[PDB]
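[1] Sharing the initial chains of the complex here, in place:
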Amino acid sequence: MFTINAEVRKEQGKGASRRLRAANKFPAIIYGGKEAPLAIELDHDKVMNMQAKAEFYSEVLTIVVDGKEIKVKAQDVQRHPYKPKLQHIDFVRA
Amino acid sequence: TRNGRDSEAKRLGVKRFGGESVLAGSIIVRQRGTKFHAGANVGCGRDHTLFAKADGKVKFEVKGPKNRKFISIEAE
Amino acid sequence: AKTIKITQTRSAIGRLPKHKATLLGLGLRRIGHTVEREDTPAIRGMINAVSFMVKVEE
């Protein structure tokens, strides 16, 4: 079990998403299966420590998003390209 | 031999754009090859200059197997 | 229909030629000139092109 909290995003785009990495969050997306894609945001430090462990990428994860649990796999991950950080994670629904 | 040399600029390119209304005779595009081809009411010259054969608004489009850019015309 | 007020805040010394036109198009002249214009889409777009040097009181 790897639990994550989130929030749905009000804003989006370059200006909005750069303000998130100023505030120690970062943006990600949940797509896949049937539904509309969902835009979410995550505490950076939480999910940095989790993705250290290589079970992050094998296992099924559990994103809480306004009460509703969702079960998702880590499909893709953009890193910031020298400092050890994260700029975005794609979460396919399983 | 060293460098130092270039030719004079031949002021090619599109002259009248789509929408623009023309008089028969008007050149629409000068060009070296046929980047554009002639459709309806349009002549390929001998240097592949394309010109109106009728008065009307210029229309660009793509057509055929190879996706070639045709200039044609809508006679008003 | 419904008028708005537009005031020139900063000078147009040393602006682009495009922006100096846009001010003449609003009918603004000097600093702190206030001017009454109808509110359309097309006026709102002038105001956006020179936002930095104007200011809008509905």
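    Received, thanks. Numbering: from 1, shown residues only, chains lettered A, B, ... in the order given.
[2] and the most centrally placed residue in chain B, how far is that from residue B:46?
    Centroid-nearest residue in chain B, with CA atoms, centre = their mean: residue B:29, separated by 2.6 Å. Note on residue B:29: its distance to residue B:46, by CB to CB, to the nearest Å, is 14 Å. All C-beta spots, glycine's among them, are computed from the backbone N, C-alpha and C.
[3] circling back: tell me if I am right that the residue nearest to the centre of chain B is in a strand.
    Yes: inclusion of residue B:29 in a strand is indicated when DSSP: H, G, I helix; E, B strand; the rest coil is applied.
[4] from what I can see it touches residue B:11, true?
    No: at 11.9 Å, residue B:29 does not count as touching residue B:11 under the criterion of CB atoms under 8 Å.
[5] one step back: who's in contact with the residue nearest to the centre of chain B?
    Under the criterion of CB atoms under 8 Å, 6 or more residues apart in numbering or on different chains, the contact list for residue B:29 reads B:13-15, B:35-36, B:49-50, B:71.
[6] Save those residues as CSV, and put in secondary structure too.
    Written out in CSV, the entries for these read as follows (three-state DSSP):
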residue, secondary structure
B:13, strand
B:14, strand
B:15, coil
B:35, coil
B:36, strand
B:49, coil
B:50, strand
B:71, strand
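[7] Can you tell me which of those are buried?
    For the contacts of residue B:29, a neighbour count by 16 or more other CB atoms under 10 Å in any protein chain shown gives the buried set as B:14-15, B:36, B:50, B:71.
[8] Now do the contacts for the closest residue to residue A:32 other than its chain neighbours.
    Here the nearest residue to residue A:32 in space, its sequence neighbours aside, is residue A:92; by CB to CB, 6 or more residues apart in numbering or on different chains that works out to 3.8 Å. With contact taken as CB under 8 Å, 6+ apart, residue A:92 is in contact with A:30-32, A:72-73, A:75.
[9] next one is chain D, place it on the structure:
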Amino acid sequence: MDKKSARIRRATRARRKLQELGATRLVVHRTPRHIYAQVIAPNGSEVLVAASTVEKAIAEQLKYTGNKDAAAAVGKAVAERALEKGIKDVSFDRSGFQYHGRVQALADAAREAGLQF
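    With chain D now in place:
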């Protein structure tokens, strides 16, 4: 390259010409057993008249469907249907078939009946 594609390649320049002219065209299609003929509009989709050696009015009369004396009967038939519907000027599209023998004999029988080309 099979024979059908090579014949279309032959035909294609004639036909692109006849678009920009904006012409009504008498298309012909020869086969070893038969011969067909259509008159096709200036736009290039919709057909105005047809004749062939399958359609039974013409097949009853003939000895054999795919020879010169058949084609002379079909070239006769298309003119007499086209002149009813007010079509004098056409342009004879030989469709990649040499102007000669059977296709020639179709066209010369359409000139007899007064269809102008």
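[10] circling back: may I have the beta-bridge partners of the residue nearest to the centre of chain B?
    As for beta bridges, residue B:29 partners with residue B:14, residue B:50 under DSSP bridges.
[11] Helices of chain C, start to end?
    In order along the chain, chain C carries the following helices (DSSP state H): C:17-26, C:41-49.
[12] Over to chain A?
    Counting by DSSP H, residue ranges of the helices within chain A are A:14-22, A:44-52, A:55-58.
[13] Provide a list of residues in contact with residue A:57.
    For residue A:57, the residues meeting the contact criterion (CB under 8 Å, 6+ apart) are A:51, A:74.
[14] can you give me the offset of the helix or strand harbouring residue D:73 from its chain's centre?
    Counting by DSSP states H and E, the element that carries residue D:73 is helix D:68-82. Offset of helix D:68-82 from its chain centre (CA atoms, centre = their mean, to the nearest Å): 9 Å.
[15] Tell me which stretches of chain D form strands.
    Taking DSSP state E as the criterion, chain D contains strands spanning D:25-30, D:35-40, D:47-52, D:91-93.
[16] Kindly reformat these as TSV containing mean neighbour count and distance to residue D:18.
    Rendered in TSV, the data for the strands of chain D read as follows (neighbours: other CB atoms under 10 Å in any protein chain shown; distance: least, CB to CB, whole Å):
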stretch	mean neighbour count	distance to residue D:18
strand D:25-30	22	5
strand D:35-40	22	9
strand D:47-52	18	15
strand D:91-93	19	6
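[17] hang on, isn't residue A:77 packed against residue A:88?
    Yes: the criterion here is CB under 8 Å, and residue A:77 meets it with residue A:88 at 7.3 Å.
[18] Sequence for chain E below, add it please:
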Amino acid sequence: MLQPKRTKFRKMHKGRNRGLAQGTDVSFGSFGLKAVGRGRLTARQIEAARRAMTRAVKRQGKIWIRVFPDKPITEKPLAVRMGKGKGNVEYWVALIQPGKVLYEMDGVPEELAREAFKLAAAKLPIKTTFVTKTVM
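    So, slotting chain E in with the rest:
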């Protein structure tokens, strides 16, 4: 000393060096030396640094070099009242953007490889870090 075998053109524009790197991931090996700043490795630099890390592992291991010096660079000789054409090609460079991986190693442990890439880093003009491979 690295240098293409043949090119189209002897001489090249100066260009600029903006933006971030392609070639950010450690693909070939386990560890790697990522650049953090932004400049040019000459070909002599790239070699000096290979000879450091090669010496330092005692030839265990395998080393990959991910960057290649393919821009040429001219200098005028001393006294040349400007003009009279572009200079001769003295030497070659790769351009480096923040995030390019430069060297990769595997077939050694993370004790030794940290020390090898420290000894390389002292020969290069740009600020660098050590990186391990990520699984995705």
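[19] so, the contacts of residue A:57 revisited with chain E in the model?
    Applying CB under 8 Å, 6+ apart, the residues near residue A:57 are A:51, A:74, E:135-136.
[20] One more pass at 10 Å, please.
    Taking CB atoms under 10 Å, 6 or more residues apart in numbering or on different chains as the criterion, residue A:57 is in contact with A:51, A:73-75, A:77, E:134-136.
[21] got the end-to-end distance for stretch D:79-99?
    Counting by CA to CA, to the nearest Å, you get 19 Å between the two ends of stretch D:79-99.
[22] Mind naming the longest helix for chain D?
    helix D:3-21.
[23] Next, the angle from it to strand D:25-30.
    Taking axes from the mean of the first three to the mean of the last three CA atoms, to 10 degrees, one finds that helix D:3-21 is oriented at 170 degrees with respect to strand D:25-30.
[24] From the rest of the structure, what touches helix D:3-21?
    B:38-42, B:53, B:64, D:1, D:23-25, D:27, D:29-30, D:40, D:42-44, D:91-98.
[25] Can you say which of the contacts of residue A:57 are buried?
    Neighbour-count burial within those applies to A:51, A:73-75, A:77; the criterion is 16+ other CB under 10 Å.
[26] Keep only the residues you listed that also lie close to chain E.
    Restricting those to those near chain E by CB under 10 Å from any CB of the partner chain leaves A:51, A:74-75, A:77.
[27] Need the max-distance pair from those.
    Across those, no pair lies farther apart than A:51 and A:75, at 13.1 Å, counting by CB to CB.
[28] Give me the secondary structure label for whichever residue of chain E sits closest to chain A.
    As assessed by CB to the nearest CB, chain A sits closest to residue E:99 within chain E, at 3.5 Å. Here residue E:99 is coil, with the state taken from three-state DSSP.
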